[PDB]
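A lone chain, given as structure tokens: the form deposited in one PDB entry.
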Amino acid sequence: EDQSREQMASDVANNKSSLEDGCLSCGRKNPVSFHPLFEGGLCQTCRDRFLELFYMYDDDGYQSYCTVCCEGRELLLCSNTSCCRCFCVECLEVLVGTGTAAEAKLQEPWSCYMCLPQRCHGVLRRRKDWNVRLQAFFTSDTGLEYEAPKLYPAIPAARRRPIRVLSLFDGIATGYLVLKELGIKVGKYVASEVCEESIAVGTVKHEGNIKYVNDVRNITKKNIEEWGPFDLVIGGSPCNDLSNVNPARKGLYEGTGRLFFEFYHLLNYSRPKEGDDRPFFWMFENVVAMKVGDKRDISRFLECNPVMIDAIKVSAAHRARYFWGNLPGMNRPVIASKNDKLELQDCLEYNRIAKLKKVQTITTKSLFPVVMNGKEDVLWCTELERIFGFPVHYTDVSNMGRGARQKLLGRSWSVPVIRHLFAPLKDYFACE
């Protein structure tokens, strides 16, 4: 019963059946979900395997596999600027028409069907609302629908107190950086960054206002009561454990992925006891490109469904991630601000021209992003900081170079994204 796609394509081309009933690339009947790009259905296995590898990218700056099904065997890349979309050789001729595979390979330059104005090439009719329809896929599709978060009661303006933060895997102190950018008065902050390179950043730049502690491995229960009531628990675990960029690909239950459980343990301890009514919150952040099996696990352990704020809508780089938590308003409409840097041309030094408008994701490892005086060059550390919204020269401490000033900026959060997330907290704690 493993029917192929040619029969379905022939049936729909004669107005005998619909595209929804069939898996858009698997060909199997009994669809479970749609395709955000093309009109049709997607099978359970296809949906499971394409939730994961959509947002992964290669070093050269193009998608790692097909934009249609899930797979890369022979790929023909679109050469249009500000577009890296790649297609599948098998996908083209079986749905749009015979002979298009060799014809496309000869025309220079090649433009993908998304670039050109929409035309129903065979059965590949693009959506006119795919821009607003892709978001609904990732936001909420899983089986269980957890209850809506409780809305804490309002507090009078004169009955507000300074917040007592407790950060984990603090990195270069991004939360502390945004907290005074909003205006909230921080009465206490307890980071637990163990990297001595990053520790020097927090002490010098914030004047020893971070009561630094060691790894989040030896903090005992009595410690979390010796330090008093905590009104916020930040945390972002390292994401170099389970990603399909490294072959090992150890799960969340092995290797460096067990640091998530430390956040849960500390959240249990810092949580107010039963019968207490102080405002309490939490948060999390991890790479979206994680296994589906563990994507639900983090949701179930924390009993919340992740959101997806897409950095492109606010910054000049592509990196989306999951933000669990019970913040009051973590599902609104993303809006940019006046003091933003939407295009890369605003994140460059003097006498340099930006060839692109947006830049592919940046990782620990570092072609034609900028040309000065008719000569190509690569981005500076002074330029990698304006992209994320960090103040310039932030990492210029402890005798650094390109070797380390790029690793720290690679696995850090985004100033505009968190600035968006922590906006509602101006009502429960001290302002000005």
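All residue numbers refer to positions in the sequence shown, first residue = 1. Definition used throughout: the rigid core is the maximal C-alpha set that superposes within 1.5 Å between two forms.
Just so it is clear, the following notes concern the form deposited in another entry, a form of the same protein that is not shown.
When the two forms are superposed on their rigid core between this form and the one not shown, the C-alpha shift of 2 Å or more among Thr256, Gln118, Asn326, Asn223 belongs solely to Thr256. With the core held fixed between this form and the one not shown, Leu144 has its Cα displaced by under 2 Å. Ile172 is among the residues whose C-alpha shifts by 2 Å or more between this form and the one not shown once the rigid core is aligned.
The Cα position of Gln107 differs by 2 Å or more between this form and the one not shown after fitting on the rigid core. Pairwise change in the other form: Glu254 and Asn268 C-alpha atoms lie farther apart than in the shown form, at least 3 Å. In the other form, the Cα-Cα separation between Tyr264 and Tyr253 grows by 3 Å or more relative to the displayed conformation.
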